[PDB]
Student: 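My questions all concern the structure below.
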There are 2 protein chains.
Amino acid sequence: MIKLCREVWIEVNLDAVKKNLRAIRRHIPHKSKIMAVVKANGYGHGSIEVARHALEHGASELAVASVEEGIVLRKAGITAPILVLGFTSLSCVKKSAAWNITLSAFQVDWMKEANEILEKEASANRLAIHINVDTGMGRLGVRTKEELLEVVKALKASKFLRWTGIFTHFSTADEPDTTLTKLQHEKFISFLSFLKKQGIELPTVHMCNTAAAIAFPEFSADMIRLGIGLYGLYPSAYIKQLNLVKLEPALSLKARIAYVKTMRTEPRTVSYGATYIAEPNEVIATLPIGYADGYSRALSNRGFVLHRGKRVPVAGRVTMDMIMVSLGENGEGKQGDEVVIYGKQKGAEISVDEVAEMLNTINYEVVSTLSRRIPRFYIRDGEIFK
Amino acid sequence: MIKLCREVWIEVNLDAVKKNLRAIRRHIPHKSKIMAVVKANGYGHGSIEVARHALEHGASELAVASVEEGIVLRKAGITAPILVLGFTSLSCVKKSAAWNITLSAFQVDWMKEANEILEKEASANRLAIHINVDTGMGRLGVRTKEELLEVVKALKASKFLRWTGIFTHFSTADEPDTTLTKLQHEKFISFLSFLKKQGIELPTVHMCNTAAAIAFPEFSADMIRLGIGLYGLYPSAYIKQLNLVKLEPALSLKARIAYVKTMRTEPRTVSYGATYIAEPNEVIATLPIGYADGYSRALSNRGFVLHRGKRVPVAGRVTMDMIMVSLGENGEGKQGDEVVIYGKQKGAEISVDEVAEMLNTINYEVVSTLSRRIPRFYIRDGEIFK
Ligand SMILES: *Cc1c(COP(=O)(O)O)cnc(C)c1O
Ligand SMILES: *Cc1c(COP(=O)(O)O)cnc(C)c1O
Ligand SMILES: [Cl-]
Ligand SMILES: [Cl-]
Ligand SMILES: [Mg+2]
Ligand SMILES: [Mg+2]
Ligand SMILES: [Mg+2]
């Protein structure tokens with residue numbers, strides 16, 4: 001059984017991750033590759049072990065937010081292609097080439113200056129580059145056909161750079177009204193056919209996120225980018241309710257009860273602000289998780305955890321490192337009992353989606369804000385490690 | 001200047017931290033020591049460098065959330081007392097004793113069992129213990145004077161344990177109604193008096209947090225626990241309004257613009273959900289911070305950042321790693337320009353307190369949820385380092 005000083009931990013089930021990959025693989029066209037998106041520390045699941053498992057069970061490339069995230073994976077021994085999705089400063093062009101990291105760019109000047117850096121160097125390898133086409137997300141990427149062609153010509157003329165992909169991003173593919181998504185797809189195809197008409201051969205084309213891979217598998221082209229779905233979470237209720245792919249949540253968040261007491265004596269005030277007053281016979285359990293772990297303070301007097309298969313409420317405010325929950329007047333319970341904060345216990349469940357609804361946010365945020373001070377354990381073939 | 005691949009960072013001004021410690025030292029009784037509270041990675045500031053600086057400029061001891069947090073500080077070469085404020089499992093008693101980490105406890109059985117473990121392992125070090133008295137926070141601690149007396153006796157009969165402190169925590173010391181705080185104080189003093197009448201000599205007594213230290217310096221006893229104030233942030237508007245001590249905020253959060261564009265062509269939708277539509281001559285700047293950094297998704301179409309001394313609004317939804325802001329029609333801004341996300345720029349300021357207000361939370365949560373993937377730089381004697 002796990003031995004911790006501070007008894008709060010994450011369990012990431014890699015069997016579930018395998019099934020999720022397999023479910024998406026079985027759904028999109030046979031020829032289409034999967035790029036596993038493991039940015040923000042694997043959406044809080046741990047980038048390294050999730051990347052490793054994915055590359056073994058259906059994924060061939062990885063995506064991250066930064067060169068630094070890519071370097072973490074390289075240091076763990078991962079050799080698969082790694083794409084940086086955001087902007088990389090020219091000060092890191094040399095480093096990205098040394099570490100065989102693929103960068104996103106979309107500007108003539110960036111291609112030319114990056115090529116110039118490498119030229120000046122004893123550079124025995126070309127830096128791989130994907131071009132980002134902005135078809136409506138309005139975040140990064142080139143937005144016109146004429147500028148796309150100039151960027152492609154600059155990249156091709158840059159002998160120390162190598163074009164290995166071209167992509168766009170869907171901003172509303174998880175929504176019931178598909179009008180903007182169809183316009184984005186049409187625009188992306190039109191830019192690509194424009195390049196082909198110039199005599200240009202296209203590298204790897206990718207455009208789908210989890211939502212579009214599920215709702216528009218016909219858009220999978222050479223490769224999709226599997227994010228939220230890898231972790232067994234749906235990009236929106238609408239996509240989940242389409243019932244096209246069965247995903248299993250990989251993450252659970254657990255703790256052990258640190259102390260249990262009956263509130264016999266006065267004051268029966270609980271936690272900061274004394275916003276909660278216990279009954280004389282009420283049992284309060286203290287748990288070693290708080291808002292610095294990523295357990296939102298807005299769950300003060302609102303959240304629930306699972307203990308012995310039942311939902312028990314957060315009592316009073318969430319503090320930085322601890323919460324208190326009521327086991328009721330008696331609330332049978334002992335120091336050391338296991339509680340589930342996110343996940344399943346007996347027949348009961350508090351899903352990350354339910355937590356996100358309560359907080360008016362999305363499951364993406366709930367998992368990707370889990371602090372690195374919570375240790376992560378991994379389940380593979382029904383056994384636990386790491 | 002700073003060179004990053006992903007151009008987002010934190011600056012922690014240790015000159016301000018020094019000035020904050022000095023203002024509390026000058027306010028509380030000369031004889032009272034200061035325990036600097038550096039759990040949760042130094043309230044997201046970085047525990048090591050804040051602890052080192054505090055100990056050079058007035059603090060005598062440190063507090064953390066867990067043994068693991070205390071061990072990080074020992075490994076940094078720190079020799080000062082380190083108290084674990086929360087519950088430590090008996091599985092870590094051996095380890096805590098070896099690293100000279102002080103644990104809080106408050107139950108007879110825990111004391112007796114911890115002593116037995118250390119006996120059985122022929123521990124070359126005694127374990128330092130503080131006793132937590134729960135006088136109304138309802139989180140951890142012993143709640144009756146009779147119970148307290150049995151805990152003390154058990155600790156004292158435990159030759160492998162060493163009593164070095166006794167404390168309580170105020171749940172409402174930062175509020176205008178002082179009734180609860182005065183009742184806690186009175187109860188604490190009554191419990192301590194009970195022990196003395198038994199002839200017990202008291203170790204180091206501490207009860208004040210930042211709030212009580214400012215509003216009730218006469219309760220400073222042998223030592224206070226300086227947390228939020230160390231970082232130049234007040235525990236509540238009310239305490240700040242008392243105007244008794246001058247604190248300077250130590251943390252700022254900055255980025256450089258990753259890309260700038262005029263939204264000449266359609267569609268002019270920005271970010272997920274297409275919740276924002278730009279004008280044809282409107283300038284949109286993209287920044288490498290997002291909600292997995294701890295920049296709340298609830299700032300979507302609401303937050304502000306500083307660019308060239310002026311507030312510019314978040315446009316559309318916050319994404320996992322990036323945000324977009326509007327520089328307005330024909331607005332001036334270039335890739336590489338520095339933006340301040342939390343802090344000051346030219347005449348302007350977006351304080352952590354103002355962000356916390358926007359989000360209906362408190363400054364403690366805003367700073368302590370800043371992801372460790374943001375690098376921290378430190379300013380000391382006016383110059384940067386890491
Ligand atoms: C984060 C991200 C993804 C993965 O998206 P999911 O919605 O999680 O599947 C794909 N593409 C881009 C450009 C991203 O930023
Ligand atoms: C975190 C903490 C402190 C520091 O409190 P501030 O409000 O930040 O000054 C003091 N005491 C205890 C018991 C704590 O957990
Ligand atoms: Cl993008
Ligand atoms: Cl407490
Ligand atoms: Mg973190
Ligand atoms: Mg004075
Ligand atoms: Mg948060």
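Each ligand, and each atom within it, is numbered from 1 in the order the structure gives. Sequence lines set the chain letters: A, B, ... in the order given, protein chains first and strands last, and positions in each chain run from 1. For the numbers below, each heavy atom of this structure counts, side chains included, while hydrogens, waters and symmetry mates do not.
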Student: Show the atoms of ligand 2 that are less than 4.0 angstrom away from any heavy atom in B:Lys39.
Tutor: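 Under 4.0 Å from B:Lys39, ligand 2 has these atoms: 1 (C), 2 (C), 3 (C), 14 (C), 15 (O).
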Student: For ligand 2, which atoms sit closer than 4.0 Å to a heavy atom of B:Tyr43?
Tutor: 1 (C), 4 (C), 5 (O), 6 (P), 8 (O)
Student: Out of all atoms in ligand 2, which are within 4.0 Å of some heavy atom of B:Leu85? Include the element for each.
Tutor: 14 (C), 15 (O)
Student: How about B:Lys240: does its NZ atom have over 12 heavy atoms from other parts shown lying under 6.0 Å from it?
Tutor: no
Student: To the nearest 0.5 Å, tell me how far B:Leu85 CG sits from B:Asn132 CG.
Tutor: 8.5 Å
Student: For ligand 2, which is the ligand I care about here, please tell me if B:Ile228 has any N or O atom under 3.5 Å from one of the ligand's N or O atoms.
Tutor: yes
Student: Does the distance from a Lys or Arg side-chain N to an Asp or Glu carboxylate O, for B:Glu11 and B:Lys254, drop under 4.0 Å?
Tutor: yes
Student: What I want to know is whether B:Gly229 and ligand 2 share at least one N or O pair that is separated by under 3.5 angstrom.
Tutor: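 The answer is no, given that B:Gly229 and ligand 2 share no N or O pair closer than 3.5 Å.
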Student: Considering only heavy atoms of B:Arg139, which atoms of ligand 2 have at least one such atom less than 4.0 Å away?
Tutor: 13 (C), 15 (O)
Student: May I ask you to decide if the ring planes of B:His185 and B:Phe219 are parallel, tilted or perpendicular, using 30° and 60° as cut-offs?
Tutor: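 B:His185 vs B:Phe219 ring planes: parallel.
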Student: Of the backbone atoms (N, CA, C, O) and the side-chain heavy atoms from C-beta on, which set of B:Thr210 has a member under 4.0 Å from an atom of ligand 2: side chain, backbone, both, or neither?
Tutor: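 The part of B:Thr210 near ligand 2 is both the backbone and the side chain.
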Student: Please round to the nearest 0.5 Å and tell me the distance separating atom CG of B:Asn13 and atom CG of B:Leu251.
Tutor: 10.5 Å
Student: Centres of the B:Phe188 and B:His206 rings: under 6.0 Å?
Tutor: no
Student: What atoms in ligand 2 come closer than 4.0 Å to a heavy atom of B:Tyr364?
Tutor: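 The atoms of ligand 2 under 4.0 Å from a heavy atom of B:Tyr364 are 6 (P), 7 (O), 8 (O).
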Student: Counting each atom of ligand 2 from 1 as listed, which ones have a heavy atom of B:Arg225 under 4.0 Å away?
Tutor: 9 (O), 10 (C), 11 (N), 12 (C), 13 (C)
Student: Would you call B:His169 a ligand 2 contact, heavy-atom distance under 4.0 Å?
Tutor: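 Flag set, B:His169 near ligand 2.
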Student: Determine the interplanar angle of the A:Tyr43 and A:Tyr231 rings, folded into 0 to 90°, and report it as parallel if under 30°, tilted if 30 to 60°, perpendicular if over 60°.
Tutor: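 Because their plane-to-plane angle is under 30°, the rings of A:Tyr43 and A:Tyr231 count as parallel.
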